[PDB]
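> My questions all concern the structure below.
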Amino acid sequence: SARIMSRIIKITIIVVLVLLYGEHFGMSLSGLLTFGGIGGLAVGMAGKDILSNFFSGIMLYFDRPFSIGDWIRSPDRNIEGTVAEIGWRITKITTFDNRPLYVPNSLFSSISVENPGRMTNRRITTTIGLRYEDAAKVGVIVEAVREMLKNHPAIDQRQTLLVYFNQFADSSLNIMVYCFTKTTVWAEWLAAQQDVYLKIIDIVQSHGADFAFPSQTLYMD
Amino acid sequence: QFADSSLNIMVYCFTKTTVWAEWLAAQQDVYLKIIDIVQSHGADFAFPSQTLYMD
Amino acid sequence: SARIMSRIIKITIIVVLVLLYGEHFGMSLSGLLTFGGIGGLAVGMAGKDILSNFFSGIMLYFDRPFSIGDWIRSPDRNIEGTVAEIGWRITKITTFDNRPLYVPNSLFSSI
Ligand SMILES: CCCCCCCCCCCC
Ligand SMILES: CCCCCCCCCCCC
Ligand SMILES: CCCCCCCCCCCC
Ligand SMILES: CCCCCCCCCCCC
Ligand SMILES: CCCCCCCCCCCC
Ligand SMILES: CCCCCCCCCCCC
Ligand SMILES: CCCCCCCCCCCC
Ligand SMILES: CCCCCCCCCCCC
Ligand SMILES: CCCCCCCCCCCC
Ligand SMILES: CCCCCCCCCCCC
């Protein structure tokens with residue numbers, strides 16, 4: 001394949017040399033190349049593709065939406081993964097399956113790029129579904145959960161922190177939980193989330209309420 | 001409107017404040033008051049119902 | 001990378017200087033650059049992109065759909081978050097996950 005490609009390259013070089021030469025050296029053959037714009041189209045499409053990719057790479061370098069080793073994604077098209085290398089033509093992304101993903105540079109031209117690798121906090125969200133018969137303790141449970149969250153060493157007190165009775169559900173009364181953690185590490189965030197969930201379970205059990213299963217009323221006949 | 005297993009009543013209003021926490025607190029208070037009213041008037045909230053013909 | 005980019009920039013500068021110069025200074029080489037419109041396309045696409053983004057930013061400044069620190073969204077495409085900065089080319093939006101979101105200015109043109 002390499003030798004065939006070299007042969008074709010030198011054939012193209014000979015063709016271009018013949019085209020450059022005028023009547024003094026053989027015949028220019030300009031009309032043949034411009035017989036129907038074949039040479040024009042051949043040059044134009046290749047140049048357009050190469051220049052588009054090259055300029056997209058240059059703009060990527062100048063704007064700096066992401067760097068090597070950054071976790072990125074896009075709501076427009078999926079490119080999720082960790083950046084491995086930014087070439088002049090193709091950007092290599094390592095997916096979370098440990099598989100290469102080759103993205104042409106021009107695909108970044110007009111899309112919104114998210115950079116989770118540059119996040120400042122990790123969010124924790126969950127819903128507590130209590131039974132409809134536990135409506136008398138909703139306020140106390142919410143207050144207890146908020147107090148527990150406000151005293152947790154792993155929670156960031158400068159970020160949003162909401163715990164309120166949110167909405168009626170089909171078979172439960174839902175309570176929203178919304179907070180952030182100081183750390184941005186995967187394992188530490190997961191451990192903090194697990195600890196918070198266990199504490200929430202303990203609080204709910206201690207206050208006399210319980211979690212609601214999908215309920216249903218049956219009329220027998 | 002009539003539902004599959006309940007009679008639905010719509011609630012539609014606005015709050016003076018535009019703050020997230022204050023709006024959520026007002027919503028929770030309104031929901032608790034609605035629950036109290038419904039319980040006091042003798043009605044109750046409907047679970048997904050179903051009629052079963054045994055054989 | 002910075003030094004390589006500088007080298008390529010000065011190479012392009014030398015190329016443009018050679019193109020500007022006529023027969024008095026070497027050869028203009030205009031035909032080579034216009035052999036198949038390579039230079040024309042290279043200038044046109046870059047200029048179109050840069051000008052589109054710049055003019056979108058200018059229109060954003062003049063119309064004032066939003067300001068710094070404003071929660072925004074769009075039913076057409078998702079950009080939800082709080083505006084962090086409005087640059088000449090890219091607008092930075094902080095999502096509710098506390099992650100940066102870089103939106104080219106031209107994406108606000110028709111939505
Ligand atoms: C082994 C034969 C190789 C022949 C390659 C021909 C290449 C033609 C290029 C035409 C470009 C317009
Ligand atoms: C110097 C600025 C370069 C801008 C490059 C834009 C490339 C757009 C390609 C779009 C292909 C669909
Ligand atoms: C070839 C075009 C070069 C454009 C360079 C733009 C540099 C932007 C720097 C922004 C720093 C905040
Ligand atoms: C037709 C224009 C081709 C331009 C190719 C430029 C390649 C630059 C590579 C820089 C080394 C990574
Ligand atoms: C038609 C022009 C082709 C230019 C090829 C550039 C190759 C650059 C390789 C950079 C490796 C780091
Ligand atoms: C280290 C080698 C760098 C070579 C850079 C070549 C840049 C070519 C620009 C062509 C623009 C049409
Ligand atoms: C002074 C008015 C500037 C208007 C800029 C419009 C840019 C449109 C870009 C569309 C790209 C798809
Ligand atoms: C370059 C074009 C400038 C257009 C300026 C429009 C100003 C609109 C002001 C509207 C105020 C209500
Ligand atoms: C080819 C036209 C380029 C125009 C670039 C204008 C850049 C203005 C920046 C203003 C400072 C924030
Ligand atoms: C090709 C023209 C490039 C113009 C680059 C403008 C850079 C403006 C930076 C403004 C920072 C506040």
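Just so we're on the same page: first chain in the structure tokens is A, next is B, and so on; residues restart at 1 for each chain, and ligands are numbered from 1 in the order they show up.
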Extract, using only C-alpha atoms, all DNA, RNA and protein residues at most 9 Å from residue 208 (chain A), discarding same-chain residues fewer than 5 positions from it, and format them as a PyMOL selection string.

chain A and resi 134+137+203

> Quick one: which residues from chain C are at most 10 Å off chain A, using only C-alpha atoms, as a PyMOL selection string?

chain C and resi 1-2+5+35-39+41-43+45-46+49-50+77-79+89-107

> Could you save those same residues with C-alpha atoms as a PDB file, in the first residue's frame?


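Heads up, here's the output in again22.pdb:
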ATOM      1  CA  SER C   1       2.916  24.489  21.283  1.00  0.00           C
ATOM      2  CA  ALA C   2       3.255  28.262  21.698  1.00  0.00           C
ATOM      3  CA  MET C   5       2.240  28.397  16.676  1.00  0.00           C
ATOM      4  CA  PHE C  35      -4.159  28.107  -8.713  1.00  0.00           C
ATOM      5  CA  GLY C  36      -7.510  26.647  -7.666  1.00  0.00           C
ATOM      6  CA  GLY C  37      -8.808  29.233  -5.231  1.00  0.00           C
ATOM      7  CA  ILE C  38      -6.998  27.702  -2.254  1.00  0.00           C
ATOM      8  CA  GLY C  39      -6.071  31.090  -0.816  1.00  0.00           C
ATOM      9  CA  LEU C  41     -11.295  29.679   0.231  1.00  0.00           C
ATOM     10  CA  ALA C  42      -8.836  29.815   3.133  1.00  0.00           C
ATOM     11  CA  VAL C  43      -9.462  33.534   3.608  1.00  0.00           C
ATOM     12  CA  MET C  45     -14.069  30.537   5.498  1.00  0.00           C
ATOM     13  CA  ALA C  46     -11.986  31.989   8.338  1.00  0.00           C
ATOM     14  CA  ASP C  49     -16.569  32.374  10.887  1.00  0.00           C
ATOM     15  CA  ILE C  50     -14.795  35.199  12.722  1.00  0.00           C
ATOM     16  CA  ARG C  77     -31.656  24.308  21.990  1.00  0.00           C
ATOM     17  CA  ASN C  78     -30.527  23.818  25.576  1.00  0.00           C
ATOM     18  CA  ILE C  79     -28.260  26.527  26.995  1.00  0.00           C
ATOM     19  CA  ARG C  89     -16.274  35.205  20.387  1.00  0.00           C
ATOM     20  CA  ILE C  90     -17.580  32.766  23.024  1.00  0.00           C
ATOM     21  CA  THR C  91     -20.171  33.134  25.785  1.00  0.00           C
ATOM     22  CA  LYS C  92     -19.508  31.189  28.989  1.00  0.00           C
ATOM     23  CA  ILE C  93     -22.509  29.779  30.868  1.00  0.00           C
ATOM     24  CA  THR C  94     -22.361  28.115  34.290  1.00  0.00           C
ATOM     25  CA  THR C  95     -24.810  25.217  34.392  1.00  0.00           C
ATOM     26  CA  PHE C  96     -26.649  24.294  37.582  1.00  0.00           C
ATOM     27  CA  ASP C  97     -24.160  21.436  38.023  1.00  0.00           C
ATOM     28  CA  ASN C  98     -21.389  24.054  38.418  1.00  0.00           C
ATOM     29  CA  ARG C  99     -19.776  23.107  35.104  1.00  0.00           C
ATOM     30  CA  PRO C 100     -18.647  25.522  32.375  1.00  0.00           C
ATOM     31  CA  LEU C 101     -20.571  25.602  29.103  1.00  0.00           C
ATOM     32  CA  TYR C 102     -19.006  27.368  26.118  1.00  0.00           C
ATOM     33  CA  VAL C 103     -21.543  28.597  23.550  1.00  0.00           C
ATOM     34  CA  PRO C 104     -20.350  30.339  20.359  1.00  0.00           C
ATOM     35  CA  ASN C 105     -21.972  33.743  19.985  1.00  0.00           C
ATOM     36  CA  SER C 106     -23.407  32.866  16.566  1.00  0.00           C
ATOM     37  CA  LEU C 107     -25.686  30.230  18.122  1.00  0.00           C
TER      38      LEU C 107
END

> Let me have all residues with an atom within 8 Å of ligand 9, counting only C-alpha atoms and all ligand atoms, laid out as number ranges by chain.

C: 47, 50-51, 54, 87-88

> Those same residues - C-alpha atoms - I'd like them written as a PDB file, in the first residue's frame.


ATOM      1  CA  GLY C  47     -13.313  35.489   7.716  1.00  0.00           C
ATOM      2  CA  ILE C  50     -14.795  35.199  12.722  1.00  0.00           C
ATOM      3  CA  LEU C  51     -17.141  37.898  11.424  1.00  0.00           C
ATOM      4  CA  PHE C  54     -18.081  38.963  16.229  1.00  0.00           C
ATOM      5  CA  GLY C  87     -16.635  37.420  25.301  1.00  0.00           C
ATOM      6  CA  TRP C  88     -16.087  38.748  21.807  1.00  0.00           C
TER       7      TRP C  88
END

> Residues within 8 Å of ligand 1, counting only C-alpha atoms and all ligand atoms: report them as a PyMOL selection string.

chain A and resi 4-5+7-9+11-12+38-39+42

> Name all residues at most 10 Å from residue 213 (chain A) (count only C-alpha atoms; drop same-chain ones fewer than 5 positions away) and give them as a PyMOL selection string.

chain A and resi 129-131+171-172

> Give me, as a list in words, the set of residues whose atoms come within 7 Å of any atom of ligand 6, counting only C-alpha atoms and all ligand atoms.

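Those residues are residues 4, 7, 8, 11, 12, 39 and 42 of chain C.
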
> What are the residues of chain A that have an atom within 6 Å of an atom of chain B, counting only C-alpha atoms, as a PDB file with N, CA and C atoms, in the first residue's frame?


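Output saved as iface.pdb:
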ATOM      1  N   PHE A 165     -40.890  20.183  51.067  1.00  0.00           N
ATOM      2  CA  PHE A 165     -41.969  19.364  50.531  1.00  0.00           C
ATOM      3  C   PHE A 165     -42.357  19.898  49.157  1.00  0.00           C
ATOM      4  N   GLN A 216     -51.955   1.032  45.521  1.00  0.00           N
ATOM      5  CA  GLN A 216     -53.079   0.781  44.629  1.00  0.00           C
ATOM      6  C   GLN A 216     -54.291   0.385  45.459  1.00  0.00           C
ATOM      7  N   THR A 217     -55.465   0.868  45.064  1.00  0.00           N
ATOM      8  CA  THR A 217     -56.720   0.519  45.720  1.00  0.00           C
ATOM      9  C   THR A 217     -57.505  -0.434  44.829  1.00  0.00           C
ATOM     10  N   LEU A 218     -57.917  -1.566  45.393  1.00  0.00           N
ATOM     11  CA  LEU A 218     -58.570  -2.625  44.641  1.00  0.00           C
ATOM     12  C   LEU A 218     -59.990  -2.836  45.147  1.00  0.00           C
ATOM     13  N   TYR A 219     -60.943  -2.854  44.220  1.00  0.00           N
ATOM     14  CA  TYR A 219     -62.352  -3.095  44.522  1.00  0.00           C
ATOM     15  C   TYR A 219     -62.691  -4.502  44.043  1.00  0.00           C
ATOM     16  N   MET A 220     -62.828  -5.424  44.990  1.00  0.00           N
ATOM     17  CA  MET A 220     -63.054  -6.821  44.654  1.00  0.00           C
ATOM     18  C   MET A 220     -64.523  -7.074  44.335  1.00  0.00           C
ATOM     19  N   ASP A 221     -64.762  -8.071  43.490  1.00  0.00           N
ATOM     20  CA  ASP A 221     -66.120  -8.432  43.101  1.00  0.00           C
ATOM     21  C   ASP A 221     -66.280  -9.945  42.987  1.00  0.00           C
TER      22      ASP A 221
END

> Residues contacting ligand 7 - anything with an atom at most 6 Å away, using only C-alpha atoms and all ligand atoms - can you give me those as number ranges by chain?

C: 52, 55-56, 59, 106, 109

> If DSSP is run on the backbone, what residues of region 1-52 of chain B are alpha helix (DSSP H)? A reply as a list in words would be ideal.

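After running DSSP on the backbone, region 1-52 of chain B has alpha helix (DSSP H) at residues 20, 21, 22, 23, 24, 25, 26, 27, 28, 29, 30, 31, 32, 33, 34, 35, 36, 37, 38, 39 and 40 of chain B.
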
> Write the residues of the selection above to a file with C-alpha atoms, as a PDB file, in the first residue's frame.


ATOM      1  CA  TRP B  20     -36.031  30.187  45.231  1.00  0.00           C
ATOM      2  CA  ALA B  21     -36.094  29.316  48.935  1.00  0.00           C
ATOM      3  CA  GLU B  22     -38.990  31.627  49.820  1.00  0.00           C
ATOM      4  CA  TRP B  23     -41.056  30.322  46.905  1.00  0.00           C
ATOM      5  CA  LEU B  24     -40.393  26.723  47.950  1.00  0.00           C
ATOM      6  CA  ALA B  25     -41.338  27.477  51.563  1.00  0.00           C
ATOM      7  CA  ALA B  26     -44.579  29.159  50.492  1.00  0.00           C
ATOM      8  CA  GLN B  27     -45.397  26.208  48.233  1.00  0.00           C
ATOM      9  CA  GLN B  28     -44.820  23.752  51.083  1.00  0.00           C
ATOM     10  CA  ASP B  29     -47.032  25.784  53.420  1.00  0.00           C
ATOM     11  CA  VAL B  30     -49.807  25.930  50.814  1.00  0.00           C
ATOM     12  CA  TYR B  31     -49.589  22.174  50.228  1.00  0.00           C
ATOM     13  CA  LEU B  32     -49.813  21.439  53.955  1.00  0.00           C
ATOM     14  CA  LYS B  33     -52.830  23.736  54.281  1.00  0.00           C
ATOM     15  CA  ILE B  34     -54.509  22.003  51.328  1.00  0.00           C
ATOM     16  CA  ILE B  35     -53.923  18.604  52.930  1.00  0.00           C
ATOM     17  CA  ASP B  36     -55.412  19.852  56.197  1.00  0.00           C
ATOM     18  CA  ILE B  37     -58.487  21.260  54.438  1.00  0.00           C
ATOM     19  CA  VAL B  38     -59.104  18.068  52.463  1.00  0.00           C
ATOM     20  CA  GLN B  39     -58.751  15.902  55.570  1.00  0.00           C
ATOM     21  CA  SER B  40     -61.010  18.160  57.642  1.00  0.00           C
TER      22      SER B  40
END

> Here is a test: counting only C-alpha atoms and all ligand atoms, which residue of C:58, C:111, C:83, C:19 is nearest to ligand 8?

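The answer is C:58, which sits nearest to ligand 8.
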
> Which polymer residues have any atom within 10 Å of an atom of residue 152 (chain A), counting only C-alpha atoms, with same-chain residues fewer than 4 positions away left out, as a PDB file with N, CA and C atoms, in the first residue's frame?


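Output contents, as saved in selection.pdb:
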ATOM      1  N   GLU A 147     -31.282  20.207  59.058  1.00  0.00           N
ATOM      2  CA  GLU A 147     -30.298  20.363  60.120  1.00  0.00           C
ATOM      3  C   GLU A 147     -29.137  19.397  59.940  1.00  0.00           C
ATOM      4  N   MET A 148     -29.431  18.149  59.574  1.00  0.00           N
ATOM      5  CA  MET A 148     -28.362  17.185  59.340  1.00  0.00           C
ATOM      6  C   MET A 148     -27.464  17.633  58.195  1.00  0.00           C
ATOM      7  N   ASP A 156     -20.889  21.659  51.154  1.00  0.00           N
ATOM      8  CA  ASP A 156     -20.435  23.031  50.970  1.00  0.00           C
ATOM      9  C   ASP A 156     -21.545  23.987  51.391  1.00  0.00           C
ATOM     10  N   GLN A 157     -21.296  24.758  52.451  1.00  0.00           N
ATOM     11  CA  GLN A 157     -22.317  25.640  53.001  1.00  0.00           C
ATOM     12  C   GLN A 157     -22.507  26.914  52.189  1.00  0.00           C
ATOM     13  N   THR A 181     -21.239  19.217  47.287  1.00  0.00           N
ATOM     14  CA  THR A 181     -20.121  18.733  48.081  1.00  0.00           C
ATOM     15  C   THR A 181     -18.873  19.553  47.779  1.00  0.00           C
ATOM     16  N   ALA A 192     -19.553  10.364  50.166  1.00  0.00           N
ATOM     17  CA  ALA A 192     -20.364  11.355  50.864  1.00  0.00           C
ATOM     18  C   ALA A 192     -21.844  11.162  50.562  1.00  0.00           C
ATOM     19  N   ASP A 195     -23.118   8.209  52.574  1.00  0.00           N
ATOM     20  CA  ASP A 195     -23.285   8.570  53.978  1.00  0.00           C
ATOM     21  C   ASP A 195     -24.540   9.408  54.187  1.00  0.00           C
ATOM     22  N   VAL A 196     -24.774  10.380  53.302  1.00  0.00           N
ATOM     23  CA  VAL A 196     -25.959  11.225  53.423  1.00  0.00           C
ATOM     24  C   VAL A 196     -27.226  10.392  53.280  1.00  0.00           C
TER      25      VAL A 196
END

> If you run DSSP over the backbone, which residues in chain B end up strand (DSSP E or B)? Put them as a list in words.

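Answer for chain B restricted to strand (DSSP E or B) is residues 2, 7, 49, 50, 51 and 52 of chain B.
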
> Output N, CA, C and O atoms for every residue in that selection, as a PDB file, in the first residue's frame.


ATOM      1  N   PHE B   2     -62.433  14.739  34.672  1.00  0.00           N
ATOM      2  CA  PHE B   2     -62.522  13.376  35.173  1.00  0.00           C
ATOM      3  C   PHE B   2     -61.236  12.624  34.861  1.00  0.00           C
ATOM      4  O   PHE B   2     -60.700  12.713  33.754  1.00  0.00           O
ATOM      5  N   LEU B   7     -61.236  12.498  40.818  1.00  0.00           N
ATOM      6  CA  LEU B   7     -61.777  13.754  40.318  1.00  0.00           C
ATOM      7  C   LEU B   7     -60.765  14.857  40.601  1.00  0.00           C
ATOM      8  O   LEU B   7     -60.495  15.171  41.764  1.00  0.00           O
ATOM      9  N   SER B  49     -56.852   3.255  41.407  1.00  0.00           N
ATOM     10  CA  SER B  49     -57.851   2.247  41.726  1.00  0.00           C
ATOM     11  C   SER B  49     -58.003   1.255  40.581  1.00  0.00           C
ATOM     12  O   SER B  49     -57.512   1.468  39.471  1.00  0.00           O
ATOM     13  N   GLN B  50     -58.702   0.158  40.871  1.00  0.00           N
ATOM     14  CA  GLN B  50     -58.871  -0.916  39.901  1.00  0.00           C
ATOM     15  C   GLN B  50     -59.984  -1.838  40.374  1.00  0.00           C
ATOM     16  O   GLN B  50     -60.095  -2.111  41.572  1.00  0.00           O
ATOM     17  N   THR B  51     -60.804  -2.309  39.438  1.00  0.00           N
ATOM     18  CA  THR B  51     -61.873  -3.255  39.730  1.00  0.00           C
ATOM     19  C   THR B  51     -61.481  -4.633  39.214  1.00  0.00           C
ATOM     20  O   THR B  51     -61.125  -4.782  38.041  1.00  0.00           O
ATOM     21  N   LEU B  52     -61.554  -5.634  40.086  1.00  0.00           N
ATOM     22  CA  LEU B  52     -61.099  -6.981  39.774  1.00  0.00           C
ATOM     23  C   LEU B  52     -62.264  -7.958  39.825  1.00  0.00           C
ATOM     24  O   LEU B  52     -63.017  -7.990  40.803  1.00  0.00           O
TER      25      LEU B  52
END

> Nearest residue to ligand 2 out of A:91, A:1, A:106, A:206, using only C-alpha atoms and all ligand atoms?

A:106

> Which one is closest to residue 214 (chain A): A:25, A:88, A:132, A:54? Count only C-alpha atoms.

A:132
